[PDB]
Amino acid sequence: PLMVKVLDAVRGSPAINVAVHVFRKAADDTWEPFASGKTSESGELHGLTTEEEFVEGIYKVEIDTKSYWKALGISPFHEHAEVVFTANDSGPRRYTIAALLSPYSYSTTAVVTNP
Amino acid sequence: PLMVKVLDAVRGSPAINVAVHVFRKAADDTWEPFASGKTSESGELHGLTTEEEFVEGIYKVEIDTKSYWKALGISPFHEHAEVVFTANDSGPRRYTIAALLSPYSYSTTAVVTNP
Amino acid sequence: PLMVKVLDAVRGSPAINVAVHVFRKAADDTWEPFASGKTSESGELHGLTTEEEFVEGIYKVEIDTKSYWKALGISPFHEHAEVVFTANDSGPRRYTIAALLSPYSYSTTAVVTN
Amino acid sequence: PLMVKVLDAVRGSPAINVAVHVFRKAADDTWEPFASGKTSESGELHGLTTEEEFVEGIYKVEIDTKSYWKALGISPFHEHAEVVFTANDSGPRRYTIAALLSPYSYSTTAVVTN
Ligand SMILES: Cc1cccc(C)c1C(=O)Nc1cc(Br)c(O)c(Br)c1
Ligand SMILES: Cc1cccc(C)c1C(=O)Nc1cc(Br)c(O)c(Br)c1
């Protein structure tokens, strides 16, 4: 029920091998590690979680943009891109978090569907 | 070798039933109709053309954003969104033209791959 | 009543010395030249028109993104960027057309105020 | 040396009276409050800091997008928008952090000039 997709606006390509860390806000207001992974050759990251495990909560999807651009030997502006949202509070939904990256800019959108 | 995808930044959903017209610049410098279609329930428009027909040229992908937003009963700013590019000039490529829509803004990117 | 602003998402800067041409749609559906200029050091292009000249109608703002990128040694995807909209006197009176450029992407918004 | 500008892609306007909080990363990796304010009628927030105070380091700009949308009667997706970056004295000296808001999307760029 959670997928992350990342595209590269400089290369005109998927953003491959982008590290993504997902956190969930705990009872004590700390960010607890929830899941992580890397984008594939398609720019997509599938299989982060399950419908059982992806309960209601406030989630943070941290897209490691600096590490991405540095691995390409480019000096970027941002440390990361974060997307923070409440999920599943009206029951289970499916979420795609998409991001488009440039060295000094990024854009994100969500696609939320009810299965 | 050509796919168009449109998302709605207000609804957090695919932009369904968006009309898309593709033109190709003719020898006389006019825009010749090349292909057209509508986005599906996924926001994607597949099958516009073929690798035989999608020759080198300058192409214009016109995304009928005003018609989209008016069909939803919203008064938008832009008449359409255009994406104009040279295609296949180093041999055949596959192109995805993606757009993200709001009433007063849009963003587009291209993903170009070599099959 | 019309200002155009262009930014560069690769360098994190204004997009300076970018050619911008504005057209008005004529009765016969052709695009008539209306105003033009080059963005300044701030990425802004002021003084394109006046209230008296800027009547309701459909306008196209064409931004010469291809020349911009090539002058920076980058091959870009687009031939140019276009922003086509209707000026409406029932809405606010000043229009800012902003664009954010990358080699394979562009984003634009309208900021329309009184 | 730091200005934050927020625009609304739904209304085609500045995003007015939006709360913005700036933090600096401390030695212990916590976020220390640094500056805050609300955007003006132009969507801009000026005067957050001074050159003397704005030393190299990692900063976070948090924009209270959720309150903004709810005050307009819209349920938005995000809890807030964050922009996290490093200030580097080897680059240009003035930073503008711009954000463009929609209910389910945001876009941001940095304009860094001398
Ligand atoms: C076109 C765009 C604009 C602003 C932000 C983003 C993330 C995009 C974008 O690349 N969206 C996008 C989302 C999905 Br889901 C896709 O399968 C593709 Br192709 C593009
Ligand atoms: C942050 C952004 C996202 C998508 C598209 C655009 C054009 C922008 C942007 O850079 N907007 C912007 C608009 C004005 Br008016 C400004 O004075 C600045 Br500085 C940035």
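How each quantity is defined
- Residues numbered from 1 in each chain as written, not as in the entry; some residues may be left out.
- Chains lettered and ligands numbered in written order.
- Heavy atoms only, no water.
- Helix = DSSP H or I, 4+ residues; strand = E, 2+ residues; numbered from the N terminus.
- Rg over C-alpha atoms; globule rule 2.2 N^0.38 Å.
- Buried < 20%, exposed > 50% of the residue type's maximum accessible area, 1.4 Å probe, protein only.
- Contact = heavy atoms within 4.5 Å.
- Buried area = accessible area lost by both parts, 1.4 Å probe.
- Salt bridge = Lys/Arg side-chain N within 4 Å of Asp/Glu carboxyl O.
- Polar contact = N/O pair within 3.5 Å; in protein donor to acceptor, adjacent residues only side chain to side chain.
- Nonpolar A, V, L, I, M, F, W, Y, C, P; charged D, E, K, R; others polar.
- Near = heavy atom within 4 Å.
- Areas by Shrake-Rupley, 256 points an atom, 1.4 Å probe, with all protein chains shown as cover.

Its PDB header attributes the entry to X-ray crystallography and lists the resolution as 1.350 Å.

Draft legend 1. Molecular detail of the overall build of chain C. Scanning chain C from terminus to terminus reveals 1 helix and 9 strands. Secondary structure elements of chain C, listed N to C terminal, follow the sequence β-β-β-β-β-β-α-β-β-β. What you see for chain C is a C-alpha radius of gyration of 14 Å, in line with the 13 Å of a compact globule of 114 residues. With the C-alpha coordinates of chain C rotated into their principal frame, the extents come out at 40 × 30 × 20 Å. The proportion of buried residues among the 114 residues of chain C is 54%.

Draft legend 2. Fine view of the interface of chain A and chain D. Counting from both sides, the interface comprises 20 residues of chain A and, opposite them, 20 residues of chain D. Across the interface of chain A and chain D, roughly 1700 Å² is buried in total on both sides, 56% from carbon and sulfur atoms. Inspection of the chain A/chain D interface yields 0 salt bridges. Counting across the interface, chain A meets chain D through 15 residue pairs in polar contact. Counting only elements with at least two residues in the side of chain A that touches chain D, the list comes to strand 7 (78-87), strand 8 (94-102) and strand 9 (105-113) of chain A. Among the residues making up the side of chain A that touches chain D, the classes are represented as 11 nonpolar, 7 polar and 2 charged.

Draft legend 3. Geometry of the interface of chain B and chain D. At the interface, 9 residues of chain B touch 9 residues of chain D. Here chain B meets chain D over a buried area of about 660 Å², counting both sides, of which 62% is carbon and sulfur. Area buried by chain B at its contact with chain D is led by B:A9, B:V10 and B:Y104, which between them contribute 53% of it. The interface formed by chain B and chain D contains 0 salt bridges. In this assembly, chain B and chain D are joined by 3 residue pairs in polar contact.

Draft legend 4. Spotlight on unusual backbone geometry. Its identity is not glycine, yet A:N88 carries a phi of approximately 65°, on the positive side. Of note, A:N88 is situated in the loop between strand 7 and strand 8. Given the relative accessible area of 9%, A:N88 is considered buried. Phi angles above zero are rare outside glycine, and B:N17 is one such case at about 65°. The exposure class assigned to B:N17 is exposed, which follows from its relative accessible area of 51%.

Draft legend 5. Region of the structure containing the pattern of salt bridges. Under the criterion given, the structure shown has 14 salt bridges over all chains. Notably, a salt bridge pairs A:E44 with A:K5, separated by 2.9 Å at the nearest N-O pair. Placement of the pair is A:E44 in strand 5 (residues 44-45) and A:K5 in strand 1 (residues 2-8), with a sequence separation of 39 residues. Two residues, D:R11 and D:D8, come together in a salt bridge whose shortest N-O distance is 3.1 Å. Connected through salt bridges with shared partners, the residues A:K60, A:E62 and A:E82 form a single ionic network.

Draft legend 6. Structural detail: the site of ligand 2. Around ligand 2 sit 14 residues in total, of which C:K5, C:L7, D:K5, D:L7 and D:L100 are the nearest. The site occupied by ligand 2 is bordered by residues of chains C and D. Between ligand 2 and the protein, one listed contact pairs an oxygen atom with a side-chain N or O atom of C:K5 at 2.7 Å. Protein contact buries 96% of the 490 Å² of open area that ligand 2 shows by itself. Contributing elements (two or more residues each) for the shell around ligand 2: strand 1 (2-8) and strand 8 (94-102) of chain C together with strand 1 (2-8), strand 8 (94-102) and strand 9 (105-113) of chain D. When residues in the shell around ligand 2 are grouped by element, the largest group, 4 residues, is from strand 8 of chain C. For the shell around ligand 2, a count of residues per class yields 7 nonpolar, 5 polar and 2 charged.

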